[PDB]
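First the structure, in the form of structure tokens, and then the observations on it.
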Amino acid sequence: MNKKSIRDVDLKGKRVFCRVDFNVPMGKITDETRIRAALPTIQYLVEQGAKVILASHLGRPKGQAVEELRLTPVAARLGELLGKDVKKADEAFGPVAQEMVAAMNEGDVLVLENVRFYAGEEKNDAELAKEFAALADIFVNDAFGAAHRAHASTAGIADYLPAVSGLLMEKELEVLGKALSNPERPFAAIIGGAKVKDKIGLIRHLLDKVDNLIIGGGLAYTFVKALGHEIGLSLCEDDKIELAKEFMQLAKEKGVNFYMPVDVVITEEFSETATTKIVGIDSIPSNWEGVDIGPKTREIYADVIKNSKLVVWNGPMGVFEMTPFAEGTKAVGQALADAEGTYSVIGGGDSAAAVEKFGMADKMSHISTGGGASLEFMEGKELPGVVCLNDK
Ligand SMILES: [Cl-]
Ligand SMILES: [Cl-]
Ligand SMILES: [Cl-]
Ligand SMILES: [Cl-]
Ligand SMILES: [Cl-]
Ligand SMILES: [Mg+2]
């Protein structure tokens with residue numbers, strides 16, 4: 001894969017429909033980072049003298065104009081950050097959007113209304129896609145995190161216009177694309193979180209790619225059970241036991257080094273003030289539950305991370321917002337930070353939340369903001385908002 005970006009096209013004077021992620025948590029805006037993330041792209045376009053027309057979702061209006069999910073305050077904040085009079089349209093298509101576009105000069109920025117106000121957005125209605133296209137000369141997709149769904153502003157519009165990546169999307173495709181096609185090696189994936197179900201596709205696909213597979217989080221206790229170890233009260237998806245067995249068999253047959261917990265932090269009651277102890281993985285008491293990877297396992301996982309040249313991390317080692325269950329996730333973050341020979345890729349939202357929380361985000365090589373998109377990409381899916389981009 002090799003997609004054109006805004007670096008590869010003549011933009012001066014062009015109306016650019018630029019799909020961004022301004023889905024900020026809200027009364028007023030309470031986290032700004034998504035708007036900041038978008039700045040290099042917007043600025044690059046402004047410097048080239050493009051007419052920058054920004055489209056984003058915000059919250060869940062489910063196909064009608066809800067008044068508290070308008071993009072008006074996001075446009076106000078963007079204006080502050082750019083030091084520019086950013087204009088904002090209360091419709092994202094039709095005559096009002098059209099006229100505000102007609103009124104633009106080169107280097108102007110116009111934020112269109114929340115694309116999710118319109119039922120046809122989620123349905124990828126062709127007529128709405130054509131209406132969005134009527135506003136522009138070129139489609140720039142800078143919202144990797146929205147690109148896994150076929151929506152009018154993420155994919156449909158590319159039926160009518162040329163289509164290229166923005167700066168965030170370009171980097172996401174460079175890093176994740178290389179990880180699937182020609183990773184540095186050894187290549188480890190760390191797969192965690194609470195549920196096997198959520199990570200089935202990723203486990204399956206990355207067992208064809210990695211040298212090392214490391215599991216943790218509540219997901220791992222299904223694997224522990226599948227080996228015939230006792231798991232007490234730990235989370236287990238009984239209908240995924242046989243899948244887990246087959247995954248371990250695939251790893252063995254392929255010579256993938258398969259790392260699961262060798263020791264576990266256990267408790268009788270999940271809570272922020274929980275009483276815990278550490279036990280070996282074949283010694284989980286019948287009335288306790290596994291809640292984190294133990295220190296022996298943290299040491300092993302750190303060694304594997306330090307000896308892997310590419311590590312993709314999707315999912316924590318425990319419910320790390322709970323103080324007593326955070327150390328395994330902290331240790332994995334620290335090992336990635338400490339590993340001077342390792343390209344660290346944070347592949348999902350909860351792993352991203354963890355590295356921000358524990359202070360090492362700055363030291364990660366790439367933190368994906370694709371969310372459900374980054375997972376789908378790493379499962380080897382064709383993302384509608386990526387496929388539609390024009391080939392270099
Ligand atoms: Cl790589
Ligand atoms: Cl399978
Ligand atoms: Cl978990
Ligand atoms: Cl093989
Ligand atoms: Cl994650
Ligand atoms: Mg480093």
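The chains in the structure tokens are called A, B, ... from first to last as shown; in each chain the residues are counted from 1, and the ligands are counted from 1 in the order shown.
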task = List all protein, DNA and RNA residues that have any atom at most 8 Å from ligand 4, counting only C-alpha atoms and all ligand atoms, and write the list as an MDAnalysis selection string.
result = chainID A and resid 253:255
For N, CA and C atoms, I'd like the residues from the last selection saved as a CSV table (one decimal), in the first residue's frame.
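Once written, selection_32.csv looks like this:
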```
chain,number,residue,atom,x,y,z
A,253,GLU,N,3.0,-24.4,16.1
A,253,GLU,CA,3.4,-24.9,14.8
A,253,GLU,C,4.2,-24.0,13.9
A,254,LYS,N,3.9,-22.7,14.1
A,254,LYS,CA,4.6,-21.7,13.4
A,254,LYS,C,5.9,-21.3,14.1
A,255,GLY,N,6.2,-21.8,15.3
A,255,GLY,CA,7.4,-21.3,16.0
A,255,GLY,C,7.3,-19.9,16.5
```
Contacts between ligand 5 and chain A, please, where a residue of chain A counts if it comes within 12 Å (with only C-alpha atoms and all ligand atoms); show its shortest atom pair and distance in Å to one decimal, rows by chain and ascending number, as CSV.
```
residue,atom,partner,partner_atom_place_in_ligand_line,distance
A:189,CA,ligand 5,1 (Cl),11.8
A:190,CA,ligand 5,1 (Cl),9.8
A:191,CA,ligand 5,1 (Cl),8.2
A:192,CA,ligand 5,1 (Cl),7.4
A:193,CA,ligand 5,1 (Cl),7.0
A:194,CA,ligand 5,1 (Cl),10.3
A:195,CA,ligand 5,1 (Cl),11.5
A:198,CA,ligand 5,1 (Cl),10.3
A:199,CA,ligand 5,1 (Cl),9.8
A:202,CA,ligand 5,1 (Cl),11.6
A:216,CA,ligand 5,1 (Cl),11.8
A:217,CA,ligand 5,1 (Cl),10.8
A:312,CA,ligand 5,1 (Cl),10.1
A:313,CA,ligand 5,1 (Cl),7.1
A:314,CA,ligand 5,1 (Cl),4.1
A:315,CA,ligand 5,1 (Cl),3.7
A:316,CA,ligand 5,1 (Cl),6.5
A:317,CA,ligand 5,1 (Cl),10.1
A:318,CA,ligand 5,1 (Cl),11.4
A:319,CA,ligand 5,1 (Cl),11.6
A:320,CA,ligand 5,1 (Cl),11.8
A:329,CA,ligand 5,1 (Cl),11.1
A:345,CA,ligand 5,1 (Cl),10.9
A:346,CA,ligand 5,1 (Cl),7.4
A:347,CA,ligand 5,1 (Cl),6.0
A:348,CA,ligand 5,1 (Cl),3.4
A:349,CA,ligand 5,1 (Cl),4.6
A:350,CA,ligand 5,1 (Cl),3.9
A:351,CA,ligand 5,1 (Cl),4.0
A:352,CA,ligand 5,1 (Cl),6.5
A:353,CA,ligand 5,1 (Cl),8.0
A:354,CA,ligand 5,1 (Cl),8.6
A:355,CA,ligand 5,1 (Cl),10.3
A:367,CA,ligand 5,1 (Cl),10.5
A:368,CA,ligand 5,1 (Cl),9.7
A:369,CA,ligand 5,1 (Cl),10.2
A:370,CA,ligand 5,1 (Cl),10.5
A:371,CA,ligand 5,1 (Cl),7.7
A:372,CA,ligand 5,1 (Cl),9.3
A:373,CA,ligand 5,1 (Cl),11.4
A:374,CA,ligand 5,1 (Cl),9.5
A:375,CA,ligand 5,1 (Cl),8.5
```
inquiry  = If we count only C-alpha atoms and set the cut-off at 10 Å, which residues sit around residue 114 of chain A, ignoring sequence neighbours fewer than 3 positions away in its own chain? Please answer as a PyMOL selection string.
reply    = chain A and resi 22-23+55-61+64-66+69-72+89-92+111+117-118
Selected residues, N, CA, C and O atoms, written as a short mmCIF file (atom, residue, chain, number, x, y, z; two decimals), in the first residue's frame, please.
```
data_model
loop_
_atom_site.label_atom_id
_atom_site.label_comp_id
_atom_site.auth_asym_id
_atom_site.auth_seq_id
_atom_site.Cartn_x
_atom_site.Cartn_y
_atom_site.Cartn_z
N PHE A 22 -12.59 15.76 15.15
CA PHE A 22 -12.82 16.74 16.19
C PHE A 22 -13.85 16.22 17.20
O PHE A 22 -14.56 17.02 17.84
N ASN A 23 -13.95 14.90 17.35
CA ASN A 23 -14.88 14.32 18.34
C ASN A 23 -14.33 14.49 19.74
O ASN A 23 -13.87 13.53 20.36
N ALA A 55 -14.51 18.86 8.01
CA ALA A 55 -15.63 18.05 8.36
C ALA A 55 -15.26 17.09 9.51
O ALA A 55 -14.21 16.45 9.46
N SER A 56 -16.12 17.02 10.52
CA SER A 56 -15.97 16.06 11.62
C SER A 56 -17.33 15.63 12.19
O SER A 56 -18.34 16.30 11.98
N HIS A 57 -17.31 14.48 12.86
CA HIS A 57 -18.39 14.02 13.75
C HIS A 57 -18.15 14.54 15.14
O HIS A 57 -17.02 14.95 15.49
N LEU A 58 -19.21 14.52 15.94
CA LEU A 58 -19.13 14.86 17.35
C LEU A 58 -20.28 14.18 18.11
O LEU A 58 -21.46 14.50 17.87
N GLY A 59 -19.94 13.26 19.01
CA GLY A 59 -20.94 12.56 19.82
C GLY A 59 -21.85 11.73 18.93
O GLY A 59 -21.47 11.35 17.83
N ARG A 60 -23.06 11.48 19.41
CA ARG A 60 -24.00 10.59 18.75
C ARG A 60 -25.38 11.22 18.57
O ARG A 60 -26.29 10.93 19.33
N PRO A 61 -25.52 12.12 17.57
CA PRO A 61 -26.82 12.72 17.25
C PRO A 61 -27.80 11.79 16.52
O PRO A 61 -28.98 12.13 16.42
N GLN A 64 -30.06 13.55 13.32
CA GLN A 64 -30.73 14.83 13.34
C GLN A 64 -29.90 15.87 14.05
O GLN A 64 -29.02 15.54 14.87
N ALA A 65 -30.19 17.13 13.72
CA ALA A 65 -29.53 18.26 14.34
C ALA A 65 -29.94 18.30 15.79
O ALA A 65 -31.10 18.57 16.10
N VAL A 66 -29.00 17.98 16.66
CA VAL A 66 -29.13 18.19 18.09
C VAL A 66 -28.33 19.45 18.36
O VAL A 66 -27.26 19.63 17.79
N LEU A 69 -24.76 19.29 20.26
CA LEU A 69 -23.68 18.57 19.55
C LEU A 69 -23.26 19.28 18.25
O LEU A 69 -22.60 18.67 17.39
N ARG A 70 -23.61 20.57 18.11
CA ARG A 70 -23.09 21.42 17.02
C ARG A 70 -21.58 21.61 17.22
O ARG A 70 -21.09 21.57 18.35
N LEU A 71 -20.86 21.82 16.11
CA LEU A 71 -19.41 21.99 16.14
C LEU A 71 -18.96 23.43 16.44
O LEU A 71 -17.78 23.75 16.30
N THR A 72 -19.89 24.27 16.88
CA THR A 72 -19.62 25.71 17.03
C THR A 72 -18.46 25.99 18.01
O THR A 72 -17.56 26.75 17.66
N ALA A 89 -20.05 26.87 9.56
CA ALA A 89 -21.33 26.68 8.90
C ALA A 89 -22.23 25.78 9.74
O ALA A 89 -21.79 24.72 10.20
N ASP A 90 -23.49 26.18 9.90
CA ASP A 90 -24.49 25.39 10.64
C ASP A 90 -25.15 24.30 9.81
O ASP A 90 -26.03 23.60 10.30
N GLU A 91 -24.75 24.20 8.55
CA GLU A 91 -25.06 23.03 7.75
C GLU A 91 -23.75 22.59 7.11
O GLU A 91 -22.84 23.40 6.92
N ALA A 92 -23.65 21.30 6.83
CA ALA A 92 -22.46 20.73 6.19
C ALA A 92 -22.63 20.50 4.70
O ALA A 92 -21.68 20.12 4.01
N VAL A 111 -15.35 25.44 9.19
CA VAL A 111 -15.76 24.21 9.85
C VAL A 111 -17.22 23.97 9.50
O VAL A 111 -18.12 24.83 9.73
N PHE A 117 -25.26 14.82 12.11
CA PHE A 117 -26.60 15.41 12.13
C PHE A 117 -27.48 14.90 11.00
O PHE A 117 -28.67 15.17 10.98
N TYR A 118 -26.87 14.20 10.04
CA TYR A 118 -27.51 13.86 8.79
C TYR A 118 -27.59 12.34 8.67
O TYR A 118 -26.57 11.64 8.75
#
```
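We find atom CA of residue 257 of chain A and atom CA of residue 176 of chain A to be spaced 21.5 Å apart.
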task = Could you pull out the residues sitting within 7 Å of ligand 1, using only C-alpha atoms and all ligand atoms, and write them as a ChimeraX atom specification?
result = /A:175,178-179,182-184,310,343
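Among A:233, A:17, A:309, A:27, the residue with the shortest atom-to-atom distance to residue 131 of chain A, counting only C-alpha atoms, is A:17.
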Within 9 Å of ligand 2, which residues of chain A show up? Give each one with its shortest atom-to-atom distance in Å (one decimal) and the two atoms involved, counting only C-alpha atoms and all ligand atoms, rows by chain then rising residue number, as JSON lines.
```
{"residue": "A:200", "atom": "CA", "partner": "ligand 2", "partner_atom_place_in_ligand_line": "1 (Cl)", "distance": 7.6}
{"residue": "A:201", "atom": "CA", "partner": "ligand 2", "partner_atom_place_in_ligand_line": "1 (Cl)", "distance": 7.9}
{"residue": "A:203", "atom": "CA", "partner": "ligand 2", "partner_atom_place_in_ligand_line": "1 (Cl)", "distance": 8.3}
{"residue": "A:204", "atom": "CA", "partner": "ligand 2", "partner_atom_place_in_ligand_line": "1 (Cl)", "distance": 5.4}
{"residue": "A:205", "atom": "CA", "partner": "ligand 2", "partner_atom_place_in_ligand_line": "1 (Cl)", "distance": 8.5}
{"residue": "A:243", "atom": "CA", "partner": "ligand 2", "partner_atom_place_in_ligand_line": "1 (Cl)", "distance": 6.5}
{"residue": "A:244", "atom": "CA", "partner": "ligand 2", "partner_atom_place_in_ligand_line": "1 (Cl)", "distance": 8.7}
{"residue": "A:246", "atom": "CA", "partner": "ligand 2", "partner_atom_place_in_ligand_line": "1 (Cl)", "distance": 7.1}
{"residue": "A:247", "atom": "CA", "partner": "ligand 2", "partner_atom_place_in_ligand_line": "1 (Cl)", "distance": 6.7}
{"residue": "A:250", "atom": "CA", "partner": "ligand 2", "partner_atom_place_in_ligand_line": "1 (Cl)", "distance": 8.9}
```
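As for atom CA of residue 97 of chain A and atom CA of residue 113 of chain A, they are spaced 8.8 Å apart.
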key: Members of segment 181-366 of chain A assigned alpha helix (DSSP H) by DSSP, as a VMD selection string   = chain A and resid 181 196 to 206 219 to 226 241 to 254 295 to 306 327 to 338 349 to 357
May I have the selected residues written with C-alpha atoms, as a JSON list (two decimals), in the first residue's frame?
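Once everything was written out, this is again32.json:
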```json
[["chain", "number", "residue", "atom", "x", "y", "z"],
["A", 181, "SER", "CA", 3.97, -5.71, 5.33],
["A", 196, "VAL", "CA", -11.08, -12.46, 24.20],
["A", 197, "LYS", "CA", -14.00, -11.73, 21.91],
["A", 198, "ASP", "CA", -12.81, -8.21, 21.12],
["A", 199, "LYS", "CA", -9.31, -9.33, 20.16],
["A", 200, "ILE", "CA", -10.12, -12.58, 18.21],
["A", 201, "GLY", "CA", -9.49, -11.03, 14.83],
["A", 202, "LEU", "CA", -6.28, -9.40, 15.90],
["A", 203, "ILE", "CA", -4.86, -12.53, 17.53],
["A", 204, "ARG", "CA", -5.73, -14.57, 14.45],
["A", 205, "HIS", "CA", -4.19, -12.22, 11.92],
["A", 206, "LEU", "CA", -1.04, -11.27, 13.89],
["A", 219, "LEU", "CA", -8.40, -12.02, 28.04],
["A", 220, "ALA", "CA", -5.47, -14.15, 29.19],
["A", 221, "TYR", "CA", -7.44, -16.20, 31.76],
["A", 222, "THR", "CA", -9.35, -17.88, 28.94],
["A", 223, "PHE", "CA", -5.96, -19.11, 27.66],
["A", 224, "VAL", "CA", -4.88, -20.17, 31.17],
["A", 225, "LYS", "CA", -8.15, -22.20, 31.49],
["A", 226, "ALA", "CA", -7.64, -23.69, 28.01],
["A", 241, "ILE", "CA", -11.71, -21.97, 25.22],
["A", 242, "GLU", "CA", -11.30, -24.12, 22.11],
["A", 243, "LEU", "CA", -10.37, -21.09, 19.99],
["A", 244, "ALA", "CA", -7.66, -20.26, 22.53],
["A", 245, "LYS", "CA", -6.35, -23.84, 22.33],
["A", 246, "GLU", "CA", -6.24, -23.57, 18.56],
["A", 247, "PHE", "CA", -4.44, -20.23, 18.73],
["A", 248, "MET", "CA", -1.75, -21.72, 21.01],
["A", 249, "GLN", "CA", -1.43, -24.64, 18.60],
["A", 250, "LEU", "CA", -1.01, -22.28, 15.67],
["A", 251, "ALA", "CA", 1.72, -20.42, 17.57],
["A", 252, "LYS", "CA", 3.55, -23.69, 18.36],
["A", 253, "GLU", "CA", 3.36, -24.95, 14.78],
["A", 254, "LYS", "CA", 4.60, -21.68, 13.39],
["A", 295, "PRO", "CA", 6.09, -9.35, 38.83],
["A", 296, "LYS", "CA", 7.79, -12.47, 37.31],
["A", 297, "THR", "CA", 5.63, -11.98, 34.23],
["A", 298, "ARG", "CA", 6.40, -8.23, 34.13],
["A", 299, "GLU", "CA", 10.11, -9.06, 34.06],
["A", 300, "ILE", "CA", 9.74, -11.60, 31.28],
["A", 301, "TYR", "CA", 7.53, -9.30, 29.17],
["A", 302, "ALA", "CA", 10.01, -6.43, 29.63],
["A", 303, "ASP", "CA", 12.89, -8.65, 28.36],
["A", 304, "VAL", "CA", 10.85, -9.70, 25.35],
["A", 305, "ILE", "CA", 9.90, -6.08, 24.61],
["A", 306, "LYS", "CA", 13.57, -4.94, 24.91],
["A", 327, "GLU", "CA", 1.29, -2.27, 37.89],
["A", 328, "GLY", "CA", 1.37, -4.78, 35.03],
["A", 329, "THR", "CA", 0.20, -2.12, 32.53],
["A", 330, "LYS", "CA", 2.57, 0.40, 34.05],
["A", 331, "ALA", "CA", 5.42, -2.13, 33.61],
["A", 332, "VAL", "CA", 4.65, -2.76, 30.02],
["A", 333, "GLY", "CA", 4.54, 1.03, 29.34],
["A", 334, "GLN", "CA", 7.80, 1.49, 31.19],
["A", 335, "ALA", "CA", 9.52, -1.30, 29.30],
["A", 336, "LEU", "CA", 8.48, 0.25, 26.00],
["A", 337, "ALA", "CA", 9.81, 3.64, 27.25],
["A", 338, "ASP", "CA", 13.09, 2.07, 28.59],
["A", 349, "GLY", "CA", -7.53, 3.64, 22.91],
["A", 350, "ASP", "CA", -7.16, 1.91, 26.27],
["A", 351, "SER", "CA", -3.41, 1.34, 25.76],
["A", 352, "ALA", "CA", -3.22, 4.98, 24.68],
["A", 353, "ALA", "CA", -5.10, 6.01, 27.82],
["A", 354, "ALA", "CA", -2.68, 3.96, 29.93],
["A", 355, "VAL", "CA", 0.51, 5.49, 28.51],
["A", 356, "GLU", "CA", -0.93, 9.01, 29.00],
["A", 357, "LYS", "CA", -1.97, 8.16, 32.55]]
```
message = Which residues are near ligand 6 in this structure, taking near to mean any atom at most 6 Å from a ligand atom and counting only C-alpha atoms and all ligand atoms? Format them as number ranges by chain.
response = A: 337, 339-340, 363
Output the selection as an mmCIF file, in the first residue's frame - N, CA and C atoms for each residue.
```cif
data_model
loop_
_atom_site.group_PDB
_atom_site.id
_atom_site.type_symbol
_atom_site.label_atom_id
_atom_site.label_comp_id
_atom_site.auth_asym_id
_atom_site.auth_seq_id
_atom_site.Cartn_x
_atom_site.Cartn_y
_atom_site.Cartn_z
ATOM 1 N N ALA A 337 9.096 2.364 27.044
ATOM 2 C CA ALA A 337 9.811 3.643 27.250
ATOM 3 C C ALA A 337 11.330 3.397 27.425
ATOM 4 N N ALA A 339 13.103 0.789 26.486
ATOM 5 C CA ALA A 339 13.684 -0.010 25.399
ATOM 6 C C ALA A 339 14.204 0.839 24.291
ATOM 7 N N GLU A 340 15.513 1.090 24.337
ATOM 8 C CA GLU A 340 16.098 2.043 23.419
ATOM 9 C C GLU A 340 16.200 1.479 21.999
ATOM 10 N N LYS A 363 7.294 9.052 25.111
ATOM 11 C CA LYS A 363 8.363 8.102 24.737
ATOM 12 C C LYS A 363 7.915 6.982 23.782
#
```
